[PDB]
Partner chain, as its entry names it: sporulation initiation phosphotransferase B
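Next up: a single chain in structure tokens, the form solved without the partner chain.
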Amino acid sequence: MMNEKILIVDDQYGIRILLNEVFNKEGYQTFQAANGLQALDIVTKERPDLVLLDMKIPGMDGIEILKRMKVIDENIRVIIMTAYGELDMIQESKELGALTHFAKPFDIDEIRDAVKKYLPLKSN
């Protein structure tokens, strides 16, 4: 316990400001990205333990991005965000290296709850 680097990977604007302000006051230094390529760049200059991959990006599937994250360090918690039902490679995704897979529309309460339950942060 002694760090809090998060990386929000996504292109659609809007949610990037929700996870930012929320993880901003809560006490988390999250960043912003888009193409998996960038997510890796910041992951190498920051090496965050929480990586959010949005499969709703208009370009490619982050599925491969994760494979690269775990390959670097199996001790890297990387969450995902896609359909909240049709499990398309979501059940196996975690098996490789993905805590859980949120979806949209999601609730800032369930997001700050799981994250706060995963990584430890100044509380009380």
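Positions refer to the first chain, counted from 1.
One more form of this protein, deposited with the partner chain bound, exists but is not displayed; see below.
Just checking whether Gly27 would be counted as a contact of the partner chain in the deposited complex - the rule being heavy atoms within 4.5 angstroms. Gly27: no, not in contact with the partner chain in the deposited complex.
Taking any heavy atom pair closer than or equal to 4.5 Å as contact, tell me whether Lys94 reaches the partner chain in the deposited complex. No - in the deposited complex, heavy atoms of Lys94 and the partner chain never come within 4.5 Å of each other.
Are any of the heavy atoms in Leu87 no more than 4.5 Å from a heavy atom of the partner chain in the deposited complex? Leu87: contacts the partner chain in the deposited complex.
When the contact criterion is heavy atoms within 4.5 Å, does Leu99 count as touching the partner chain in the deposited complex? It does not: once the partner chain is placed as it appears in the deposited complex, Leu99 has no heavy atom within 4.5 Å of it.
Of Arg47, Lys56, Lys67, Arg77, the one that lies within 4.5 Å of the partner chain in the deposited complex (heavy atoms): After the contact test, the surviving option is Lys56.
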